[PDB]
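This document opens with one chain alone, in structure tokens, the form deposited in one PDB entry.
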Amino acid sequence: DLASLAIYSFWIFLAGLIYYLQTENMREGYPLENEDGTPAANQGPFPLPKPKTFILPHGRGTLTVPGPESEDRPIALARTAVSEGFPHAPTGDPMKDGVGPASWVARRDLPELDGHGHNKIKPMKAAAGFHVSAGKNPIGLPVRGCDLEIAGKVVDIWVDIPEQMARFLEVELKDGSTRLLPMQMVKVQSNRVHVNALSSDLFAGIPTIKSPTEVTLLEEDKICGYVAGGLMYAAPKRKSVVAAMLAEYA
């Protein structure tokens, strides 16, 4: 019966497609390793795919995936248990060491570029013609940590030029040096900017940028990993929800 033929054929078709799709999604991370770095024995019923290469614009190289996988950074962790499957405890300060939810990835130490070979992200003072066009302008506002103290003041916005959107706040510290705060990790209020992820005292430890008009991909992973990591590691110093609600009327 032809309908039987058709539905039968589609299920043989569907099985092959799931095979193709699952091996396609194995171009990163694989082959699986053991908790010590060495190849793992049982790799699953799927073989790695035939490699593929991306040509990156602005003569930045190529990328072939899957290729050999190396973290290429210090991982300040230590194995807690004997058998596999248990946590790996930090050996030091995990915020400063950038492990766990403070993690970062050893990306290229160059900025991302738009379709013209220019830095994708710049401060507004150095991005020609960019201004705040709706919403509360946060420049000048004081910047408050989750312990409810003031950590600095907004001195500029860093903008994604081709996409016309805000990506970082530039926050001056007491020492007069600045830092970048991820736009998705800040609440912009009528009279302050509130940062739930960081107690006022961890702002100084935000990793810094080497050039005050560009930010490199590696710098972005360090800054964002750190801020995100304060959620778990700064919890001792995070005042309560009612404590914050009350702070309004102070």
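One rule holds for the numbers: they count along the sequence shown, beginning at 1. Just so we're on the same page, rigid core means the largest C-alpha set that superposes within 1.5 Å between forms.
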remark   = Stretch with higher mean Cα temperature factor, 31 to 39 vs 216 to 224, is 31 to 39
request  = Higher average CA B factor in the deposited record is what I'm after, so tell me if that's 79 to 87 or 105 to 113.
outcome  = 79 to 87
query = Mind checking which third residue 247 falls in for C-alpha B-factor across the chain?
reply = middle
key: Relative C-alpha B-factor of residue 196, binned into the chain's lowest, middle or highest third   = lowest
query = Sorting the chain's CA B-factors, does residue 229 end up in the lowest, middle or highest third?
reply = lowest
request  = Would you mind ranking residue 210 by its C-alpha B-factor against the rest of the chain and naming the third, lowest, middle or highest?
outcome  = highest
remark   = For residue 57, the third of its chain by CA B-factor is the middle
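Keep in mind that the form deposited in another entry is not shown, yet the notes after this line are about it.
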query = Once you align the rigid core, which of 188, 40, 217, 204 turns out to move its Cα at least 2 Å between this form and the one not shown?
reply = 40
query = Does the C-alpha of residue 31 move 2 Å or more between this form and the one not shown once the rigid core is lined up?
reply = yes
message = Relative to the superposed rigid core, does residue 21 relocate between this form and the one not shown - that is, does its Cα move 2 Å or more?
response = yes
message = Flagged pair residue 33/residue 76: C-alpha distance shifts by 3 angstroms or more in the other form. Which direction, closer or farther?
response = farther
query = Compared with this form, is the residue 52-residue 35 Cα separation smaller or larger in the other form, the difference being 3 Å or more?
reply = closer
